[PDB]
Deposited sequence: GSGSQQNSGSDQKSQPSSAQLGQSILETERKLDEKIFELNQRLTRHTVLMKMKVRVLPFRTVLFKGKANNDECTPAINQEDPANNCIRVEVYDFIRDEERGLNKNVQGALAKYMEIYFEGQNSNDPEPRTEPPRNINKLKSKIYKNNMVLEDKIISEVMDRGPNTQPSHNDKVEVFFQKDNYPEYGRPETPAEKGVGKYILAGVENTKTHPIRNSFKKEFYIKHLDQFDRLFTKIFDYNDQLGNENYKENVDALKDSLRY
């Protein structure tokens, strides 16, 4: 009945997550790029994977780096959330960051320190997806950490998803899809912020813009 409709919704959510995870593979481009200009209250670093940590590298444009972290701060110690992309393989032999091909992601870690979403009395505070580019349904490879709102690591494949408690569906729809979407838009913004030089036409009014491209 609605039991497998809850599961049909989950498959629709998994397909959305899968496309979001595919967009994130495009950020290999940031690895060799000098990231000097960042949006407000935003920190980015590159490093090498050491267990479930991305250790920051001394050379931020080192071709040997395999992971990247983006931090977001609040100005209400200030750390609100972060995302670590751990890429598979190696960065190319080409010095140009712009032409860097996308690589599959080994694992994707998210940590939330402030304004966390509560799913049925348990706070989502960390997500580790160990198979983001495998197949849409990979609940077996997703670890979710919950904190009691009034230590707590769960594999998504064991979390309840019934009509009475659609915890997995609530996690994917209400939290994870928007979360992945936001971080993706942020990684892209950082790239555009640093790839302006030699790539931007400056025209005060549309008249002067229209005049330059009339040929």
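The deposited chain is incompletely modelled, with C-alpha atoms absent over 1-19, 96-107, 182-195.
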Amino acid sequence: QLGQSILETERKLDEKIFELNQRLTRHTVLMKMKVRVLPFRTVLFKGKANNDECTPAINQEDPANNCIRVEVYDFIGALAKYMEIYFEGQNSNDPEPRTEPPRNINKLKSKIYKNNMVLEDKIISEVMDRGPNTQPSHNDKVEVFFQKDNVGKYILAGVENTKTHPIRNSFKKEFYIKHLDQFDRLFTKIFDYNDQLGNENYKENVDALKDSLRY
From here on, numbers count along this sequence of modelled residues.
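Of the two segments, 179-187 and 24-32, the one listed with the higher mean B-factor is 24-32 (C-alpha atoms only).
For the pair 48-56 and 167-175, the mean Cα B-factor is higher in 48-56. Residues shown: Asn115, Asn106, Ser110, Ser92. Highest C-alpha temperature factor in the entry: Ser92. Of the candidates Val144, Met83, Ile76, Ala80, it is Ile76 whose Cα B-factor is highest according to the PDB record.
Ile68: CA B factor lies in the middle third for its chain, per the PDB record. Annotation for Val127: C-alpha temperature factor in the lowest third relative to the rest of the modelled chain, per the entry. When the CA B factors of the chain's modelled residues are split into thirds, the value for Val151 lands in the highest one. Ranked within its chain, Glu200 lands in the highest third, by CA B factor from the PDB record. Per the deposited record, the Cα B-factor of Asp121 falls in the highest third when ranked against the other modelled residues of its chain.
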